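Student: coords below, sequence missing:
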Ligand code: HEM
Ligand code: HEM
Ligand code: HEM
Ligand code: HEM
């Protein structure tokens, strides 16, 4: 994907401060809270009855860690997001049956979590760079759908 | 954009039967009728008071002819839509201030018009090929936005 | 909001559909699955080949719900209440897909109603399916 | 639909915004213009650089409209009627852009409300801005 040099530097600098497990659990838990129809893929996950239940659920935290871990790994390959996520794209389509709109919703909640956690440091230009990245990752994860 | 050989063939075969001026006037008129906020660029165009006024407006027909004529010529360059539409992309952004979402709405109305015009010949597979094309042209016309 | 002219337009056009409603509902789904393959993620349990009994059945149920909605156009939230519950609480289809099916229902009506699909009727049908879609996603959160 | 808990959440959050509403509205537009460049097509007559008084003015107007909507949360259609007419018949902003500005309003609120932006408040504010957006586009056709 094409990022300006400034954009790439902005993404890498902020990501160096991210606790991937913590941010992953927070963003994935907020996905299930804010867009609760996304819980359709997590029927075996236990208690998702209230926001606090969702956020504190160990399976939700564990799933967020896996997801953000793969996202984090993808940030090392910003010039080839489609190749980096091809295998996970096929998995999410063929085996998991997940509508790729969910990737966009997760991207929106991750940007809100970054803003909430970092506050003023998540400036308008930093956000714009992260918007390009979340759109790129969502596009990459949707690429092998058929 | 990449089309199957069947899809390219399906697009070219139906397009050979199209009266570009007539379909352009019909699709552009229906854009302004069905999504009336698109009339924002056409305040100098005269009477747009009713659906019949819009469809019969000489300026709307003329605009349709110019749009579909460029679209038609773009179908000879399905392997290079971004290059083909680059200068028009720059113009629609820098000078005309057209939100690229309007390209998607015109694409949706064009597909409805081809279905209306061709009836059962506009099969599910033919439609799927045209959907790829109108998304491709809209993406190409949005590519130089900044 | 649907104006009185929209309601008249929709009743006239859906009235013309008549007995073919179910067939047109099936064709709209078929069109959607081919044009927008991500929508197939909601039907991994169906045979989605052309002509499938499951797709014909889906088509007929959706068409009957649209007939009901047209018949109760002034009180759609009530008429579609069970289906808004079903989509919100069980099926949980992402709201984005309602626009994809709506577009494919419009394309199917266009392909089958040469006389009736005027610019005004097209606009009314588009508004009606957007209204139906809004009712069907109203309880999602 | 907005529940009683949503309304409570929105009033608490927006109440904490207080006198910074206009600043936050301006930041939301600034964020939107950079993140989603196509939204700049609606402001070719503005200087959109950081700190622009035109963007600060637009931010203040939008924020004041939102304070009014919060104040009249059970009667939004009427409170926002002049703005629904303005956007439908003059400005004619494509409806897709309201989701972009709403997302940027949430990101702005998140960046300024560490304590208040819990998961439940985030969900309420997202519903609220979707509701306001729906009212603002209700007369488009
Ligand atoms: C940045 C976006 C995402 C990435 C990188 C990602 C990545 C992953 C990874 C690495 C796994 C573990 C696969 C395995 O070892 O079998 C997984 C599982 C899964 N993902 Fe995603 N994912 C993303 C977004 C989503 C979203 C938004 C949803 C749906 C709302 C989703 C649905 C699932 C499901 C249902 C599973 C299997 C869960 C289980 O084990 O029961 N993914 N994903
Ligand atoms: C398939 C999509 C489209 C194509 C191929 C296209 C193509 C063109 C072309 C070839 C021109 C004339 C350019 C010139 O003078 O050099 C033009 C002008 C223009 N287009 Fe588009 N266009 C498309 C969609 C739209 C849409 C959806 C809108 C707004 C609703 C729009 C608004 C305009 C305007 C306002 C002009 C200037 C007209 C004039 O000066 O009389 N275009 N377009
Ligand atoms: C006009 C919009 C829609 C209407 C009126 C509608 C209506 C219905 C009806 C009447 C049923 C069957 C209920 C029953 O058997 O009790 C149903 C089921 C279902 N719908 Fe919706 N629907 C709409 C849009 C969608 C969309 C856009 C999707 C996904 C792309 C969808 C996915 C489903 C699924 C997966 C089922 C269950 C099928 C099965 O397992 O038999 N629907 N819908
Ligand atoms: C929360 C959603 C929104 C609210 C409450 C809102 C409210 C307002 C208000 C109060 C005004 C000033 C009216 C006046 O001066 O009489 C305005 C003007 C305007 N708004 Fe909206 N707006 C919203 C969304 C949008 C979006 C998404 C866009 C475009 C991306 C937009 C574009 C404009 C424009 C172009 C103007 C006129 C500016 C000028 O020329 O000074 N608005 N809006």
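Tutor: On my side now, so go ahead. Numbering: from 1, shown residues only, chains lettered A, B, ... in the order given. Ligands and ions are numbered 1, 2, ... in the order given.
Student: residue 130: neighbouring residues, count only.
Tutor: All of this refers to chain A. Close neighbours of residue A:130, defined as other CB atoms under 10 Å in any protein chain shown, add up to 23. Every residue, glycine included, has its C-beta placed from N, CA and C.
Student: right idea, wrong chain: chain C
Tutor: Neighbours of residue C:130 using other CB under 10 Å come to 14.
Student: identify the residues contacting it.
Tutor: Residues near residue C:130 by CB atoms under 8 Å, 6 or more residues apart in numbering or on different chains: C:99, C:102.
Student: mind telling me what element it is part of?
Tutor: Counting by DSSP states H and E, the element that carries residue C:130 is helix C:119-136.
Student: do that helix and ligand 3 meet at all?
Tutor: Yes - counting by CB under 6 Å from any ligand atom, ligand 3 is contacted by helix C:119-136 at C:132, C:133, C:136.
Student: of those residues, which is the nearest to residue D:21?
Tutor: Taking CB to CB as the measure, residue D:21 lies nearest residue C:133 of the residues of helix C:119-136 next to ligand 3, at 32.8 Å.
Student: tell me the contacts of that closest one?
Tutor: By CB under 8 Å, 6+ apart, residue C:133 lies in contact with C:95, C:98, C:99, C:102.
Student: report the buried residues of the helix holding residue C:130.
Tutor: Residues C:119-129, C:131-133, C:135-136 are the ones in helix C:119-136 that count as buried (16 or more other CB atoms under 10 Å in any protein chain shown).
Student: tell me what angle that helix forms with helix D:119-136.
Tutor: Relative orientation of helix C:119-136 and helix D:119-136, computed by axes from the mean of the first three to the mean of the last three CA atoms, to 10 degrees: 160 degrees.
Student: how far does helix C:119-136 sit from the chain's center?
Tutor: Relative to its chain's centre, helix C:119-136 lies at 9 Å (CA atoms, centre = their mean, to the nearest Å).
Student: one more: stretch A:104-118?
Tutor: Using CA atoms, centre = their mean, the offset of stretch A:104-118 from its chain centre is 8 Å.
Student: burial count for residue C:75?
Tutor: Neighbourhood size, residue C:75 [other CB under 10 Å]: 11.
Student: quick one: it from chain D, how far?
Tutor: Distance, residue C:75 to chain D, by CB to the nearest CB, to the nearest Å: 16 Å.
Student: dihedrals phi and psi, that residue?
Tutor: phi -140, psi 60 (degrees, to the nearest 10).
Student: look up how far residue B:142 lies from it.
Tutor: Plainly put, residue C:75 is 40 Å away from residue B:142 if you go by CB to CB, to the nearest Å.
Student: got it, and residue C:112?
Tutor: Residue C:112 is 32 Å from residue B:142, by CB to CB.
Student: got it, and residue A:109?
Tutor: Distance from residue A:109 to residue B:142, by CB to CB: 25 Å.
Student: more neighbours: these two, which one.
Tutor: Per other CB under 10 Å, whichever of residue A:109 and residue B:142 has more neighbours is residue A:109, with 25 against 22.
Student: close enough to count as contact, that one and residue A:38?
Tutor: No - shown here, residue A:109 and residue A:38 do not form a contact pair, counting by CB atoms under 8 Å, at 9.7 Å.
Student: isn't residue A:144 right up against residue A:86?
Tutor: Yes - using CB under 8 Å, residue A:144 makes contact with residue A:86 at a distance of 5.7 Å.
Student: neighbour-wise, which of these two wins?
Tutor: Legend: neighbour count by other CB under 10 Å for residue A:144 and residue A:86, higher for residue A:144 (18 against 15).
Student: mind checking what secondary structure that one has?
Tutor: Recorded secondary structure, residue A:144: coil (DSSP: H, G, I helix; E, B strand; the rest coil).
Student: phi and psi next, for it.
Tutor: Torsion angles, degrees, to the nearest 10, at residue A:144: phi -90, psi 10.
Student: what about residue C:139, helix or strand, and which?
Tutor: For residue C:139, there is no host helix or strand (DSSP H and E).
Student: do the same with residue C:56
Tutor: Counting by DSSP H and E, residue C:56 is found in helix C:53-71.
Student: buried set for that helix?
Tutor: C:55, C:56, C:58, C:59, C:60, C:62, C:63, C:65, C:66, C:67, C:69, C:70.
Student: quick check: the farthest pair among these?
Tutor: Across the buried residues of helix C:53-71 (CB to CB), the longest gap, 22.2 Å, separates C:55 and C:70.
Student: return the residues of chain C in contact with chain A.
Tutor: Residues of chain C found near chain A, taking CB under 8 Å from any CB of the partner chain as the criterion, are C:37-39, C:41-42, C:44, C:88, C:91-94, C:96-97, C:140-141.
Student: quick check: closest non-adjacent residue to residue C:98.
Tutor: Nearest residue to residue C:98 in three dimensions, chain neighbours excluded: residue C:133, at 3.6 Å (CB to CB, 6 or more residues apart in numbering or on different chains).
Student: picking that back up, ok, and which of the contacts of residue C:133 reach ligand 3?
Tutor: Restricting the contacts of residue C:133 to those near ligand 3 by CB under 6 Å from any ligand atom leaves residue C:98.
Student: and the furthest pair within the contacts of residue C:133?
Tutor: Checking these with CB to CB, the most distant pair is C:95 and C:102, at 11.5 Å.
Student: looking at the two now, which is surrounded by more residues?
Tutor: Ranked by neighbour count (other CB under 10 Å), residue C:95 and residue C:102 place residue C:102 first, with 20 against 16.
Student: test my guess that the more buried one contacts residue C:127.
Tutor: No - Residue C:102 lies out of contact with residue C:127 (CB under 8 Å); the separation is 10.2 Å.
Student: give me every residue that touches residue A:65.
Tutor: A:20, A:21, A:24, A:25.
Student: residues contacting the first one?
Tutor: The reference is to residue A:20. Counting by CB under 8 Å, 6+ apart, residue A:20 touches A:65, A:68, A:69, A:72.
Student: look up how far residue D:84 lies from residue C:77.
Tutor: Distance from residue C:77 to residue D:84, by CB to CB: 21 Å.
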